[PDB]
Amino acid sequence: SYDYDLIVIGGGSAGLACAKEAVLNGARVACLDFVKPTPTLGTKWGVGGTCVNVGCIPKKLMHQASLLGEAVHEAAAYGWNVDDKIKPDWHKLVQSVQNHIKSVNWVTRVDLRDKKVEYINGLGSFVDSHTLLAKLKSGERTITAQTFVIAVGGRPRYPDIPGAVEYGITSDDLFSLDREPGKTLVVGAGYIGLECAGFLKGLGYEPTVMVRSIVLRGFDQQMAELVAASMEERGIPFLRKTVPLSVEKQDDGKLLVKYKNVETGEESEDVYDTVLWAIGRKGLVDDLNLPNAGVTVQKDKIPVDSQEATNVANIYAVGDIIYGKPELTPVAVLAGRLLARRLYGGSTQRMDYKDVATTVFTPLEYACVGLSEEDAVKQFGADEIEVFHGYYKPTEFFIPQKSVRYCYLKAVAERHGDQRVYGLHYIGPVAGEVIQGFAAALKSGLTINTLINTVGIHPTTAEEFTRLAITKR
């Protein structure tokens, strides 16, 4: 008989969903959460994990702040007497965002209390396959459990380059930055780097995106380059095939960044107010002392079976930390919940990780579900792939003459037979709202015939999917 039925390590999207569901199902549970402050700035936050504190939530709010500035300009074109010469108060915007997050933290902490989840604000590390050491600000504990669920997530990476830690920041620091970003170098062209560059430009700052190799690795590369081009159209410089060499602080207070072209070797430099590293996120395996429990890792990640079990029978892992699965909030939440149901609610339902939709909240948004064109072609052969595509115009864009250059969508499908849809891709306004329903359609076996014969809702941009007609072949 142990202290707990279940100890969950990590109090984020997966950990909290799993812990709450387990208690609902009669388990006695503890959930550990600790937030190691950022190096240099010492930025820290409350319970609830990455998304609510330093992820999806603040990112979406800043994106909305940027979109609202665009909307003020558009209002004038529609006849509103608004003065569109406008500027945001960064400190006011941050205050509003943080006041939301802190309030949610408080609600979450009280909610955990209500549901009988014992929340332990300490860093957990394995002693034994059944024993955990918790390091709280006050002291240590030592606690035991029949089963463990590891839900530790990751943290932003820093490049191994001089000045990177002292002078640079990450997304962890950005969303509560004490001073204005100003001229900022955004190193990394994944969704985090692009989203941040996007909203910083919209708030009247001057971001540059530095790209080591490709834009949005892991996404359809035609679409990735339409996104990049749409950002360049908005006046965001891209430094292509370029890697940072060093950061140093001038007597100015400005940050001198030296950088290098990876193809030519040409070296250059520029001065910035802020340097944001968005080069990836590293799984927090180290602090766990996984060897003490006999748990196998695979570089910064934990490999698990179709039931989220590690190589140790009573140890599970879920969320970002698991090897090879989409690193998204709703994935973590549903996986955490279903795990708790198999453990304590007698369920057999396994998480379905296939065809998970996503949205990149760039200035012109990009959402997709299913296969990229290149992946579909690699898998099934070009001769059995058909791609329907189009450039379209949102009704609202004509009056203000808002750019339609990169309003593009496509459907990637089986060429013959049932013409099963493999992938859907859309760049434009409210992309996540557009794609969501189509992701449920794909799970329901959506074919080209059903798609094209679904009556459109007019006037929308989503209806563009139902009247595709031009094939690349």
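Just count from 1 along the sequence shown to find any residue number.
- Between 194-202 and 151-159, it is 151-159 that carries the larger average Cα temperature factor according to the deposited entry.
- Between 382-390 and 362-370, it is 382-390 that carries the larger average Cα temperature factor according to the deposited entry.
- The PDB entry gives the largest Cα B-factor of the residues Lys87, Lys249, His100, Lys92 to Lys249.
- Remark: of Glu232, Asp111, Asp173, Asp273, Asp111 shows the highest value [criterion: C-alpha B-factor in the PDB entry].
- The entry lists a Cα temperature factor for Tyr167 that places it in the middle third of the chain's modelled residues.
- Sort the chain's modelled residues by C-alpha temperature factor and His63 lands in the lowest third, per the entry.
- In the deposited entry, the Cα temperature factor of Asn25 sits in the top third of values across the chain's modelled residues.
- Annotation for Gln436: CA B-factor lies in the lowest third of the chain's modelled residues.
- Per the deposited record, the Cα B-factor of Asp83 falls in the middle third when ranked against the other modelled residues of its chain.
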